[PDB]
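Peer 1: Take this structure, written in structure tokens, and hold onto it; I'll ask about it next.
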DNA sequence: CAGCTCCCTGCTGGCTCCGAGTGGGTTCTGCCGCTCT
RNA sequence: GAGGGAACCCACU
DNA sequence: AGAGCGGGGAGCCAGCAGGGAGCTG
Ligand SMILES: [Zn+2]
Ligand SMILES: [Zn+2]
Ligand SMILES: [Zn+2]
Ligand SMILES: [Zn+2]
């Protein structure tokens, strides 16, 4: 999927990808100082176009306490089996295409979120 | 400007006189031209 | 301001009935029964005593200029 | 004990009556002015820098405790007197109180100690005092004490008296400060921008706005730049973070991106990092910013100082204006960039400009504070100029000569008098209409004007978004009351129980947050931010908290018992984005709601019982606020509450909609304003008709104030017999409408009779009108003073004799007395003279400048008042009284937007009658109902018939299940009438029964100010204008009507060329010029000696007479002034 | 064949328009200090 | 038997 | 010496800076 940034350790800054042809490998070489670092993953730039299927990481579980969010009893939790859940929709521009309900368990300390 | 071109004066004041006269004539014809200060009354209301 | 002399709609005299209406109200008549005791049978006169605002009592609180 | 549903209507109207017994209707104006006087003026005086003048000895001038007197008048004798408001109204005085400040001057001399001089209580100007506020003379007076002062106890106050004119300050909707707002700019180089109108709290200084924008795609990616204040180009945001003192990249991205496992935030900050890579040092970044400031510097040191002071005092002033505050300012800038990234990713949603959570309301307080800030800065500038001019040469300055007391006085007087808000020298850029002449036409006009809001948006804007009825206006702003025409949706009115927050100190909330487990931003690692809830106080990010349940519950518990959190403090929790925002600033509009916990009201029967005896428990609304029962909720906090419309919503349903209601409405009919709460059954009407009635209930005629005999108003309308409505709402008790009513209960038959009521007209009863039905008086007051214009021009009130006075309008002066004024009781006509003023010119020494009556206005002089104005001249006001009998063409309206003109008047024997001999007072057309859909009119007629038969006063509160059409129909059938209000009417002309049965009943009609005799106009010939020699403007100047361009187009399409010439040439401005037959320029023409001569050609024989409009000659001479030659060639 | 010339295109700045007709009102010109007796 | 302009605000259809 | 004089949107057009072609010594 998405690969994170790499940070220099000496001057506390960003690293940058580079290809060293001596070993013909990929190193993350800072360009404020002389720090170098070999790369665990070869993926440098990565993009998602229709890979927006996972709205669940943007959902935080705290929304179970919202008094304005709708509660249902017909969708029990899988983790703890509580009857109460809150259901809503994903509200991004990249979720105008869908009206999928996302559910969050109402009970404290559970925090399980699901769809359908 | 007639006095400062008859009773001779330096160019640095006749240029200011020419510039101010040009401003007064232009604001007589066109007061709402942009990029320049507006011709104003003592009440602060612009000239028509 | 002050009670009209006549009912607007018909012309029944209602100017002599405002103080009687107030005295009947402070005698704990209901407004319908107070209006019925004053002989106001058409609702055109019952609105005339019922909806009256007597502003002149409050205009008399101001000290007279003349 | 829970309030059972049979007692709930009484309970909610009891708590509403308690609210309107304590707070009143103009509380927001009085509260803002009181907080301005007590706190804001002293803050402005103290926060002004001390004057440090050195030529040399050094003078330090410090300003100290201010002192405000009561409104006093000083005559020409100089003796102080207590100024009553009626004296200010009559004598055209400004109802102002003197403002005394304490000044300390310390002298520093070479090799010598200080010298401290205490000018205690130095007069620096006069503050105009708002009526019935704390510092007014009418404060604390009872109704008897107000009537002894010839004041009205029903008069709300809330206005100023400037030159005898009552001025109201209209509240202005500004954008909310210190809050990050992200919008997608329409068709701009930035895809998303994030702004913060930053302003440091409790300090009147202009807001400094910083933009954090993200560029459009069509380089590598998306670049975030920063439009700083006083930096005229777009600095990249990483360079701003470097200039704040952050060389590294984990520093900047920990300030921006709080969770480091998130990749998309990094992929969008990557272009902004990689575009600003070449700048790596703090002072290098400072140079890069300061090189593009408004004032560049040739020296690098000067540029470093410039960028440091810009980022110190101008960029985000609210988070910090002092040193060592780089971490809090940098966290807030990172929060702005974070919100920009969240909105650009789509994770968060764009802000709404029309949401009144995003808008504050500048009332009289903040507006007068802005004025007084500018004017005190002007006063200090004048003092420093005077004292520097002295200590340049002279030994010492006396300070009372340096204090220009006209600055504060005349500046406040000018801005409150003209409405041009700001300074007089910049009036073209000053916002107008902030101060308005208070509408005194009826009491509803006065209250509506005193509760008025204004969007500072141009009224020519074709975009509809600020004009729309936004969803967030519920309960704060009236949905019906708005003007028609160019100001629809921009000028608004408060709802009845809406209260605008007056302002509070953020401090005790901040100590409580410090000692309630909030970790400050200055003492945390950024790694703790990613799962903790950020806390904002007045838009200032002050820390984070890890238990937001207990913090929000603790804060709400404190606010509900009038502890540390005061009642107007707004406390919003955004759960989805992990934020707690606390707003204490002024301008937030809020309303009280009942608190619902565990699906039960906290308002129980003991509160209602205690409020039932409000006079003898000293129980009031404030004790309900202290009991944790009611709660003030504003617009942002209303986004996080779950409202119940009624307590019936709390009851368990077969299809349960919500079981987590947080608050409940007191009564939904408190979404309406003052003028929409007069409408009976507003929910049965189409909403344009509600808006029309909100407009026309301000033009109705009634008794506008109780002391109308004392007042000399320019225009006044008083109804002979105003009645309270038979069909009232319960909100009409708190508008005092049954004490100053503005209409009469007519007997209205909705019938087609003789055709004279068609197309909105009405047919009135002539016999009813003869008995005083809708009869009124129009009072007009004329003012005139003996103005002393130098030594020569001495205008004096003398009765003019033709033997010594010139310049007359040739009218009789016989009704004037020998003091030059007319006396009360004299009939006057449109040509007559009421004030005889003569001016002395340098045989006819005197010129007649007599004040004449208005044209075609019959009347009788009601009062003459003679006094001295502020300048000591003789001043007179004459009130003329004209009795206006209802007439064909007078505009009458019901309470449902069924306006119309009287089309005919029939006598009693002519109007149709029921079997009881009841003839209608008004007959309206049936066709006025169907497309209008004013069913509230029909229900008002039905309910008024029931109320007039029963003797009750009918209740027509909008949302009331206890009143419905079937109940009223059964009640009407119980009195021997047809249940649907119809009656068998007989034709008045023939006696025959009308085949249809006519819907007749008592309906509350009001007479509008738009009388036909105040609008009829005609002209044959008369006054022409000076410049273009065309007829004048308006019927007041005997002017002509405009035959405009579309009339010209219509007469072109008619083909009527000679009528077009008559209108556009003969009937406007015919003229003849003489034109040279060679050059075409207008030529000199002595018509006395027949000497026609054209210079420029030396032509004397070929001159032609050309007929033109005079405006064509004026145009051609303006063109020849413009160095253009219109050569009018006759061949 | 490299550098110069010479016309298509892209950009930014400048410019001009924004319904018709009516009542009524207040407030401003004008803003104050001087040099002479 | 006819002696101000302008700015602004409100209102009307 | 007081009296009086002085000092917002929308949309179209025009000029200038970039191309890409052709041209000559
Ligand atoms: Zn490095
Ligand atoms: Zn669960
Ligand atoms: Zn009657
Ligand atoms: Zn000629």
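The numbering of chain A matches Swiss-Prot: 10-125, in order.
This entry, so its header tells us, was determined using electron microscopy, 3.0 Å.
Cβ coordinates are placed from backbone N, Cα and C, and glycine is handled just like the others.
Pulled these features from Swiss-Prot for this protein:
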type	residues	note
ZN_FING	A:17-42	zinc finger
BINDING	A:17, A:20, A:39, A:42	Zn(2+) 1 binding site
ZN_FING	A:82-124	zinc finger
BINDING	A:86, A:89, A:114, A:119	Zn(2+) 2 binding site
Peer 1: Find the shortest Cα-Cα separation between residue A:20 (Zn(2+) 1 binding site) and the binding-site residues A:86, A:89, A:114, A:119, and name the residue that gives it.
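Peer 2: Checking each of A:86, A:89, A:114, A:119 against residue A:20 (Zn(2+) 1 binding site), the shortest Cα distance is to A:119.
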Peer 1: Near ligand 1, which of the binding-site residues A:20, A:42, A:119 have CB less than 6 Å from any of its atoms?
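Peer 2: What lies within reach of ligand 1, judged by Cβ under 6 Å, is A:20, A:42.
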Peer 1: Quick check: of the binding-site residues listed here (A:17, A:39, A:42), which one has the Cα closest to that of residue A:86 (Zn(2+) 2 binding site)?
Peer 2: A:17
Peer 1: Near ligand 2, which of the binding-site residues A:17, A:20, A:89 have CB less than 6 Å from any of its atoms?
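Peer 2: The ones that qualify, in sequence order, are A:89.
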Peer 1: Should anything in the same chain at least six residues away from the zinc finger (A:82-124) have a Cβ under 8 Å from its Cβ atoms, list it; otherwise answer none.
Peer 2: 61, 64-65, 67-68, 70, 72-73, 75
Peer 1: Could you tell me which of these binding-site residues, A:17, A:42, has the greatest number of Cβ atoms within 10 Å of its own Cβ?
Peer 2: A:17
Peer 1: Please identify which of A:20, A:39, A:86, A:89, A:114 has the densest Cβ environment, defined as other Cβ atoms within 10 Å, among these binding-site residues.
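Peer 2: Of the binding-site residues A:20, A:39, A:86, A:89, A:114, the most buried by Cβ count within 10 Å is A:114.
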Peer 1: Out of A:17, A:39, A:42, point to the one nearest residue A:89 (Zn(2+) 2 binding site) in space (Cα versus Cα); all of them are binding-site residues in the record.
Peer 2: A:17
Peer 1: Give the sequence-ordered set of same-chain residues, not counting A:17, A:20, A:39, A:42, with Cβ within 8 Å of the centre of the Cβ atoms defining the Zn(2+) 1 site.
Peer 2: A:18, A:19, A:21, A:22, A:24, A:40, A:41, A:43, A:44
Peer 1: Among all protein chains shown, how many Cβ atoms are found within 10 Å of the Cβ of residue A:119 (Zn(2+) 2 binding site), not counting that one?
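Peer 2: A count of 18.
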Peer 1: Compute the centroid of the Cβ atoms of A:86, A:89, A:114, A:119, then list the same-chain residues not in that set whose Cβ lies within 8 Å of it, in sequence order, for the Zn(2+) 2 site.
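Peer 2: My list of surrounding residues reads A:87, A:88, A:90, A:91, A:94, A:115, A:116, A:120, A:121.
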Peer 1: Please work out the helix, strand and coil residue numbers for the zinc finger (A:82-124) from the DSSP assignment.
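Peer 2: Summed by class, the stretch gives 3 helix, 13 strand, 27 coil.
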Peer 1: Expressed to the nearest Å, what is the distance separating residue A:17 (Zn(2+) 1 binding site) and residue A:114 (Zn(2+) 2 binding site) at their Cα atoms?
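Peer 2: So the Cα of residue A:114 (Zn(2+) 2 binding site) lies 41 Å away from that of residue A:17 (Zn(2+) 1 binding site).
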Peer 1: Roughly how many angstrom lie between the C-alpha atoms of residue A:42 (Zn(2+) 1 binding site) and residue A:114 (Zn(2+) 2 binding site)?
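Peer 2: Roughly 49 Å, rounded to the nearest whole number.
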Peer 1: Through the lens of DSSP with three states only, how would you label residue A:20 (Zn(2+) 1 binding site)?
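Peer 2: Once the DSSP labels are grouped into three classes, residue A:20 (Zn(2+) 1 binding site) ends up as coil.
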